[PDB]
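Read through the structure below, which is laid out as structure tokens, and then see the notes.
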Amino acid sequence: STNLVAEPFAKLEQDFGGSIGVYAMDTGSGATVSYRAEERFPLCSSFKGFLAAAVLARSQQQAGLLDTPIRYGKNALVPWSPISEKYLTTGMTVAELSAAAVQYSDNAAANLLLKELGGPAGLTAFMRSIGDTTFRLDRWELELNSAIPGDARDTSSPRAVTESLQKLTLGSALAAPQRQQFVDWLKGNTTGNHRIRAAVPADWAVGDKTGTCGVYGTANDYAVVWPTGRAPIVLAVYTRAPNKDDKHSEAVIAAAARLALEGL
Ligand SMILES: C[C@H](CS)C(=O)N[C@@H](Cc1ccccc1)B(O)O
């Protein structure tokens, strides 16, 4: 992957102070936009979209997996588990946990689903099984957020994220009802309004999944976008920075998303 008009991205990256990673594809034309698309970035919570897809895939083999109630304990509630905490007294179904992991980035819900799938290794295996050789999840929440420069644990590349997303939302990796459910969950995300969605015209339908590690200026978003009358665009925007105290920027993510959409 390459880009012979990369200077707008390079200047945005210089102004940001860190590294920016972008990959976008127009699935109707095949056109792509690329910038550090092959470089590893921390997933942060963006793994949760793929976790929900892996749960949907499994549900194709075990009838009733999605409606299975989980009565989890208080000590499942690691920080930033707003849905899991609200529903602690009732428990939650696997489907509800998946939705909360996607749409609220709920940490406890993510850890409970990971356990159901055999931990980070289990999710990584699912991703290998759809042909993603870049993705790796190694740790649970919250340890996977350490985002240490050059550490390959819990990382992927913008291109591999985009390709896997396209397979799961638009290709054949998931059966049709599962596929629609994944898309529906993404379209209902609540955490993404200042990221890719901020660059998308308000009349284009969008589903997305954010990630925010909290250190090293590391944050991200991926999305499927439906332009009017066209096949969808799929894209991924990841950031990191070299100092632990560096701030992430939602505005940088939005700006990089817009440069990608404009290039297409
Ligand atoms: C440690 C860090 C929050 S400071 C964290 O748990 N991030 C996950 C979800 C998240 C994002 C923004 C605020 C709180 C939680 B995720 O893995 O991105």
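Just remember, in the structure tokens the first chain shown is A, the second B, etc., residues are 1-based per chain, and ligands are 1-based in the order shown.
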Write out as a short mmCIF file (atom, residue, chain, number, x, y, z; two decimals) with N, CA and C atoms, in the first residue's frame the residues lying within 8 Å of segment 142-158 of chain A, counting only C-alpha atoms and excluding same-chain residues fewer than 2 positions away.
```cif
data_model
loop_
_atom_site.label_atom_id
_atom_site.label_comp_id
_atom_site.auth_asym_id
_atom_site.auth_seq_id
_atom_site.Cartn_x
_atom_site.Cartn_y
_atom_site.Cartn_z
N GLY A 21 -2.24 6.57 11.64
CA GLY A 21 -2.37 5.43 10.75
C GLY A 21 -3.78 5.44 10.16
N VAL A 22 -3.89 5.42 8.83
CA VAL A 22 -5.16 5.52 8.10
C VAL A 22 -5.20 4.47 7.00
N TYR A 23 -6.32 3.77 6.88
CA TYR A 23 -6.62 2.99 5.68
C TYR A 23 -8.10 3.11 5.37
N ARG A 36 0.67 5.04 6.83
CA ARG A 36 1.08 4.09 7.87
C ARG A 36 0.08 2.95 8.03
N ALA A 37 -0.56 2.59 6.92
CA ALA A 37 -1.59 1.54 6.94
C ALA A 37 -1.05 0.17 7.32
N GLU A 38 0.25 -0.06 7.17
CA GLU A 38 0.84 -1.35 7.51
C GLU A 38 1.59 -1.34 8.84
N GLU A 39 1.54 -0.25 9.58
CA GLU A 39 2.32 -0.07 10.80
C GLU A 39 1.43 -0.46 11.97
N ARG A 40 2.03 -1.07 13.00
CA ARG A 40 1.26 -1.53 14.15
C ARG A 40 0.89 -0.38 15.06
N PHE A 41 -0.35 -0.40 15.53
CA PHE A 41 -0.86 0.54 16.53
C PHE A 41 -1.60 -0.24 17.61
N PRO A 42 -1.63 0.24 18.85
CA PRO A 42 -2.47 -0.39 19.88
C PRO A 42 -3.95 -0.38 19.52
N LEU A 43 -4.59 -1.52 19.72
CA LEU A 43 -6.03 -1.65 19.50
C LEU A 43 -6.84 -0.87 20.52
N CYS A 44 -6.39 -0.84 21.77
CA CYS A 44 -7.24 -0.29 22.83
C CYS A 44 -8.60 -0.96 22.72
N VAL A 78 -14.38 -3.99 36.50
CA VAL A 78 -13.23 -3.12 36.32
C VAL A 78 -13.73 -1.74 35.90
N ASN A 107 -15.88 -2.30 29.70
CA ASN A 107 -14.72 -3.15 29.93
C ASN A 107 -15.10 -4.49 30.53
N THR A 134 -2.44 -10.16 10.96
CA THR A 134 -1.80 -9.08 11.68
C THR A 134 -2.32 -8.93 13.10
N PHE A 135 -3.62 -9.12 13.29
CA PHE A 135 -4.26 -8.86 14.56
C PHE A 135 -3.68 -9.74 15.65
N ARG A 136 -3.34 -9.14 16.78
CA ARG A 136 -3.11 -9.98 17.96
C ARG A 136 -3.65 -9.33 19.22
N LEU A 137 -4.47 -10.07 19.96
CA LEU A 137 -4.84 -9.69 21.32
C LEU A 137 -4.11 -10.60 22.29
N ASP A 138 -3.47 -10.00 23.29
CA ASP A 138 -2.60 -10.72 24.20
C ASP A 138 -3.03 -10.60 25.66
N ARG A 139 -3.67 -9.50 26.03
CA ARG A 139 -4.01 -9.23 27.42
C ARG A 139 -5.49 -8.87 27.52
N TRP A 140 -5.97 -8.82 28.76
CA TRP A 140 -7.34 -8.48 29.09
C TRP A 140 -7.45 -6.99 29.41
N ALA A 160 -5.23 -4.08 8.13
CA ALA A 160 -5.81 -5.34 8.58
C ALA A 160 -7.12 -5.11 9.33
N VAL A 161 -7.21 -4.02 10.11
CA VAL A 161 -8.48 -3.71 10.76
C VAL A 161 -9.57 -3.47 9.72
N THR A 162 -9.27 -2.65 8.71
CA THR A 162 -10.25 -2.36 7.67
C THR A 162 -10.64 -3.62 6.91
N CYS A 213 -6.74 4.33 24.76
CA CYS A 213 -5.90 3.64 25.74
C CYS A 213 -5.68 4.48 27.00
N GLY A 214 -5.69 5.80 26.90
CA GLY A 214 -5.47 6.64 28.06
C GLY A 214 -4.03 7.05 28.32
N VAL A 215 -3.07 6.61 27.49
CA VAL A 215 -1.64 6.91 27.66
C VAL A 215 -1.04 7.01 26.26
N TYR A 216 0.12 7.67 26.16
CA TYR A 216 0.88 7.68 24.92
C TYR A 216 0.05 8.17 23.74
N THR A 218 -2.75 7.64 22.57
CA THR A 218 -3.18 6.52 21.76
C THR A 218 -4.71 6.43 21.77
N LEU A 235 -13.26 2.18 6.78
CA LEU A 235 -12.01 2.85 7.12
C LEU A 235 -11.65 2.68 8.59
N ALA A 236 -10.38 2.96 8.88
CA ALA A 236 -9.74 2.81 10.18
C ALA A 236 -8.74 3.93 10.36
N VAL A 237 -8.79 4.60 11.51
CA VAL A 237 -7.90 5.70 11.85
C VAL A 237 -7.36 5.44 13.24
N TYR A 238 -6.03 5.27 13.35
CA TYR A 238 -5.35 4.94 14.60
C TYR A 238 -4.29 6.00 14.88
N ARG A 240 -0.99 7.11 17.89
CA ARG A 240 -0.14 6.92 19.05
C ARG A 240 0.86 8.06 19.09
N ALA A 241 1.54 8.18 20.23
CA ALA A 241 2.52 9.23 20.43
C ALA A 241 3.66 8.69 21.28
N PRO A 242 4.83 9.33 21.22
CA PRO A 242 6.04 8.74 21.83
C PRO A 242 6.17 8.92 23.33
N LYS A 244 4.52 9.01 27.28
CA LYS A 244 3.43 8.43 28.07
C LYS A 244 2.33 9.45 28.36
#
```
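Those residues that approach residue 225 of chain A to within 8 Å, counting only C-alpha atoms, are residues 200, 204, 205, 206, 207, 232, 233 and 234 of chain A; same-chain residues fewer than 3 positions away are not listed.
The space between atom CA of residue 110 of chain A and atom CA of residue 141 of chain A spans 7.6 Å.
Restricting the calculation to only C-alpha atoms, the smallest distance between residue 52 of chain A and any of A:77, A:66, A:20, A:252 is found for A:66.
Between residue 132 of chain A and the candidates A:188, A:165, A:202, A:118, the tightest atom-to-atom separation, counting only C-alpha atoms, involves A:165.
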Using DSSP assignments from the backbone, pull out every residue in segment 82-250 of chain A that falls under strand (DSSP E) and give it to me as number ranges by chain. A: 92-93, 155-156, 205-212, 219-226, 233-240
With N, CA and C atoms kept, could you save the residues just selected as a short mmCIF file (atom, residue, chain, number, x, y, z; two decimals), in the first residue's frame?
```cif
data_model
loop_
_atom_site.label_atom_id
_atom_site.label_comp_id
_atom_site.auth_asym_id
_atom_site.auth_seq_id
_atom_site.Cartn_x
_atom_site.Cartn_y
_atom_site.Cartn_z
N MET A 92 -26.56 -10.13 32.74
CA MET A 92 -26.80 -9.73 31.35
C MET A 92 -26.68 -10.95 30.45
N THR A 93 -27.44 -10.94 29.35
CA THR A 93 -27.23 -11.95 28.33
C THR A 93 -25.96 -11.67 27.52
N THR A 155 -2.12 -5.30 19.33
CA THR A 155 -1.98 -4.35 18.23
C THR A 155 -2.54 -4.97 16.96
N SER A 156 -2.79 -4.09 15.99
CA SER A 156 -3.00 -4.49 14.61
C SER A 156 -2.60 -3.32 13.71
N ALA A 205 -25.15 7.09 6.57
CA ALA A 205 -25.25 6.19 7.71
C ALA A 205 -23.86 5.69 8.07
N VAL A 206 -23.61 5.52 9.37
CA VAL A 206 -22.30 5.19 9.93
C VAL A 206 -22.48 4.19 11.06
N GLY A 207 -21.66 3.15 11.08
CA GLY A 207 -21.39 2.40 12.30
C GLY A 207 -19.90 2.44 12.62
N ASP A 208 -19.58 2.45 13.91
CA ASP A 208 -18.18 2.57 14.29
C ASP A 208 -17.89 1.97 15.66
N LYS A 209 -16.59 1.81 15.92
CA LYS A 209 -16.07 1.34 17.20
C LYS A 209 -14.80 2.11 17.54
N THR A 210 -14.78 2.75 18.71
CA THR A 210 -13.66 3.57 19.14
C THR A 210 -12.67 2.75 19.98
N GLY A 211 -11.51 3.34 20.21
CA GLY A 211 -10.58 2.86 21.20
C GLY A 211 -9.83 4.05 21.77
N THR A 212 -9.51 3.97 23.06
CA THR A 212 -8.87 5.06 23.80
C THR A 212 -8.07 4.39 24.92
N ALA A 219 -5.32 6.56 20.59
CA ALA A 219 -6.77 6.49 20.42
C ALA A 219 -7.06 6.16 18.96
N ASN A 220 -8.29 5.71 18.69
CA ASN A 220 -8.58 5.19 17.36
C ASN A 220 -10.08 5.04 17.15
N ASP A 221 -10.43 4.72 15.92
CA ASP A 221 -11.81 4.51 15.49
C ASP A 221 -11.79 3.72 14.19
N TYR A 222 -12.72 2.79 14.03
CA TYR A 222 -12.98 2.25 12.70
C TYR A 222 -14.47 2.28 12.37
N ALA A 223 -14.79 2.34 11.07
CA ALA A 223 -16.18 2.52 10.68
C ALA A 223 -16.50 1.93 9.31
N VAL A 224 -17.78 1.62 9.16
CA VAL A 224 -18.41 1.43 7.86
C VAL A 224 -19.32 2.61 7.66
N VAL A 225 -19.24 3.19 6.47
CA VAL A 225 -19.92 4.42 6.09
C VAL A 225 -20.69 4.12 4.80
N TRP A 226 -21.95 4.56 4.72
CA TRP A 226 -22.77 4.30 3.53
C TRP A 226 -23.07 5.61 2.81
N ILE A 233 -18.11 2.67 2.20
CA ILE A 233 -16.71 2.89 2.51
C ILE A 233 -16.41 2.30 3.88
N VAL A 234 -15.27 1.61 3.99
CA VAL A 234 -14.77 1.05 5.25
C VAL A 234 -13.44 1.71 5.55
N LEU A 235 -13.26 2.18 6.78
CA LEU A 235 -12.01 2.85 7.12
C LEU A 235 -11.65 2.68 8.59
N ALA A 236 -10.38 2.96 8.88
CA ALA A 236 -9.74 2.81 10.18
C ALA A 236 -8.74 3.93 10.36
N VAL A 237 -8.79 4.60 11.51
CA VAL A 237 -7.90 5.70 11.85
C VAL A 237 -7.36 5.44 13.24
N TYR A 238 -6.03 5.27 13.35
CA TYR A 238 -5.35 4.94 14.60
C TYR A 238 -4.29 6.00 14.88
N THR A 239 -4.07 6.29 16.16
CA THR A 239 -3.00 7.18 16.59
C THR A 239 -2.21 6.60 17.77
N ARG A 240 -0.99 7.11 17.89
CA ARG A 240 -0.14 6.92 19.05
C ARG A 240 0.86 8.06 19.09
#
```
Report, in Å to a single decimal, how far apart atom CA of residue 75 of chain A and atom CA of residue 105 of chain A are. 17.9 Å
What's the separation between atom CA of residue 166 of chain A and atom CA of residue 261 of chain A, in Å to one decimal place? 16.3 Å
As a ChimeraX atom specification, which residues of segment 2-238 of chain A does DSSP assign to helix (DSSP H, G or I)? /A:7-16,44-59,74-76,82-86,94-103,107-116,119-129,143-145,158-169,176-187,196-199
